[PDB]
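> Quick one, structure for this:
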Amino acid sequence: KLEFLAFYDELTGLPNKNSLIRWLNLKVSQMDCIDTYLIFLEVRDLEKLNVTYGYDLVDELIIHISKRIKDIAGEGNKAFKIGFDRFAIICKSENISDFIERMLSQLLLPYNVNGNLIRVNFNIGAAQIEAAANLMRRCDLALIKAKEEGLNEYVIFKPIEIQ
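Numbering: from 1, shown residues only. Okay, here it is:
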């Protein structure tokens, strides 16, 4: 279909960056985005993995990752695949840091991909939702700040200031 090609990710089935944008413009229209956050998760050293395990194995890994993200995310929250090695989440949460850590601790858990026990690293950039581009840019910056900090570290931007 032309709609699935325009809004979803082939390999993962998750909605892509275009879908993230529509839903972002929507979310920003409302009254109170009751502490709703945009979160950017990056799978680290995914290239070295394509080299080490081959592309087919790694695409399977990505699927595994997407499902886990989709799982600890929840149904009331949205998960997207916006880059080869990057995912995005829209989530409403009173305590977003713990939400981030809970998920990170779980993402850090091994993946049994076709008998292959695999462990990967991540980084997370998050931003208080409050146009679409500027928010995504803000998340991007947080992700950058997080990687400078090191592997498996996260940064949350609030109206901005480091958190």
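> residues contacting residue 103?
69, 72, 73 (C-beta atoms under 8 Å, 6 or more residues apart in numbering). To be clear about C-beta, it is placed using only N, CA and C from the backbone, and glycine gets the same treatment.
> let's go with 7 Å and repeat that
By C-beta atoms under 7 Å, 6 or more residues apart in numbering, residue 103 lies in contact with residue 72.
> can you give me the strands in this protein?
36-43, 78-83, 86-92, 111-113, 116-118, 122-128, 154-158, 161-162 (DSSP state E).
> With mean neighbour count and distance to residue 135 as extra columns, can I get these in CSV?
CSV is the format used below for the strands of the chain (neighbours: other C-beta atoms under 10 Å; distance: least, C-beta to C-beta, whole Å):
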stretch, mean neighbour count, distance to residue 135
strand 36-43, 23, 5
strand 78-83, 22, 13
strand 86-92, 22, 10
strand 111-113, 15, 30
strand 116-118, 13, 32
strand 122-128, 24, 6
strand 154-158, 21, 10
strand 161-162, 8, 16
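> mind putting the ones you listed in JSON lines, distance to residue 27 included?
Shown next, in JSON lines, are the strands of the chain (distance: least, C-beta to C-beta, whole Å):
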{"stretch": "strand 36-43", "distance to residue 27": "7"}
{"stretch": "strand 78-83", "distance to residue 27": "9"}
{"stretch": "strand 86-92", "distance to residue 27": "7"}
{"stretch": "strand 111-113", "distance to residue 27": "31"}
{"stretch": "strand 116-118", "distance to residue 27": "34"}
{"stretch": "strand 122-128", "distance to residue 27": "12"}
{"stretch": "strand 154-158", "distance to residue 27": "16"}
{"stretch": "strand 161-162", "distance to residue 27": "22"}
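> Quick one: closest of those to residue 60.
Nearest to residue 60 among the strands of the chain is strand 111-113 (5.0 Å), distances taken as C-beta to C-beta.
> can you tell me how far the closest residue to residue 89 other than its chain neighbours sits from residue 100?
Once flanking residues are discounted, residue 89 sits nearest to residue 39: 4.3 Å by C-beta to C-beta, 6 or more residues apart in numbering. Separation of residue 39 from residue 100 (C-beta to C-beta, to the nearest Å): 7 Å.
> ok, now residue 135?
For residue 135, the distance to residue 100 - C-beta to C-beta - is 17 Å.
> try residue 141
On the measure of C-beta to C-beta, residue 141 and residue 100 end up 16 Å apart.
> Residue 67 now?
Relative to residue 100, and taking C-beta to C-beta, residue 67 is found at 19 Å.
> Which one of those two is surrounded by more residues?
residue 100 (21 against 15; other C-beta atoms under 10 Å).
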